[PDB]
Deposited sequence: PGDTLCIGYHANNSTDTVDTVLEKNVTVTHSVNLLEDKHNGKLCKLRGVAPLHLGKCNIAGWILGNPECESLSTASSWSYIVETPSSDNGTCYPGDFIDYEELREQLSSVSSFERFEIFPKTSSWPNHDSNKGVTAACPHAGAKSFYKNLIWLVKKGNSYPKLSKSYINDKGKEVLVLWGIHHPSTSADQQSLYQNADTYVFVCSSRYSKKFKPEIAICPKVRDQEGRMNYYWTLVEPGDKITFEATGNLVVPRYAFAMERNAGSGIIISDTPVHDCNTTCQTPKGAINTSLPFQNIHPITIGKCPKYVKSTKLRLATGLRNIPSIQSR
């Protein structure tokens, strides 16, 4: 009569590594490394990204004619070929900071801050168009700004204020135009020596035209610089100018959302939820580690450049 003590064996072929030995065959094991993604750009928090298509944030926010663009989004997606941005050449001041701050919002509403109907009685608001910003083959301009110009050989000093009665922050953007020549200066704004001044309770800046013949960009030798600021609720912002001012027409009442970001990718958007987004696709896993992509948005596994993290659960498999 005999009694034998022994352990389980099976048809398992799974291998794991130990500090002492590599490629040990065990009866049972579990993977700790997430290496699968769904190839999609999904909703975070149950909220869709803002997808700008062939436009970049500059084109969308200024209202470039090729961009007609929700009241909420969890992050922003641009394509590698999102070229339609600032169609009139010039510097977009603090552009990356603006993009970061528009990356996620809980509330976003465009509104005519300075109604083109009655805002500018002493200036021409119908000539500010350009081949640099075409629409339907004809000269046009940004939808959210107005390129004011003299009427009847006179450009009176302008002074305009807006009081923020939106229960939240207001994003106001404006431009400063710099002619290539003094003839163009006079032709556009009459006055030769001009300024623009913009001030709220926080913000304050004075602008001067910088006239010169610069290299042609989109066939323009002149330039247009773009500026923005966030006006707090209850606060007033004032514009003063004797020329060269591209005035706000549409601004944005908004509620900013913390720490999201921007994805630049051809990956298609889709109606699914994820807790962790990659530019290659979404990741839905309970696993602690991940080797899909270092650049992620959400509550994600940690990125590692491992290709195998297999945890043994069972014992060494010895069928014999």
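- If you line the structure up with the deposited chain, the stretches without a C-alpha atom are 1-2, 72-74, 326-329.
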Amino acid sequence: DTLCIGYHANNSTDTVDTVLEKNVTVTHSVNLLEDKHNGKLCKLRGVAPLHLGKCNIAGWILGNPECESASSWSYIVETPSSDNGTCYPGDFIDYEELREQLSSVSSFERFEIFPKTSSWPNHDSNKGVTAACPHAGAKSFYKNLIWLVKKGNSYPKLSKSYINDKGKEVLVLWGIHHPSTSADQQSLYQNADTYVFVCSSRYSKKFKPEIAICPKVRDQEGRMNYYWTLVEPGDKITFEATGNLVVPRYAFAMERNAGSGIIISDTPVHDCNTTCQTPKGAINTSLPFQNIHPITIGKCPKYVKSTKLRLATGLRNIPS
From here on, numbers count along this sequence of modelled residues.
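- Residue 70, present in the displayed chain, goes without coordinates in a third or more of the other PDB entries compared that cover both sides of it.
- Taking the mean C-alpha B-factor of each stretch as recorded, 215-223 and 245-253 are not equal, and the higher mean is that of 215-223.
- When the two stretches 117-125 and 96-104 are set side by side, the higher mean Cα temperature factor goes to 117-125.
- Comparing the listed residues 153, 74, 229, 238, the entry records the largest Cα B-factor for 153.
- Compared with the other modelled residues of the chain, the Cα B-factor recorded for residue 58 ranks in the lowest third.
- When the CA B factors of the chain's modelled residues are split into thirds, the value for residue 157 lands in the middle one.
- When the modelled residues of the chain are ordered by their C-alpha B factor, residue 269 lands in the middle third.
- When the modelled residues of the chain are ordered by C-alpha B-factor, residue 67 sits in the highest third.
- When the modelled residues of the chain are ordered by their C-alpha B factor, residue 44 lands in the highest third.
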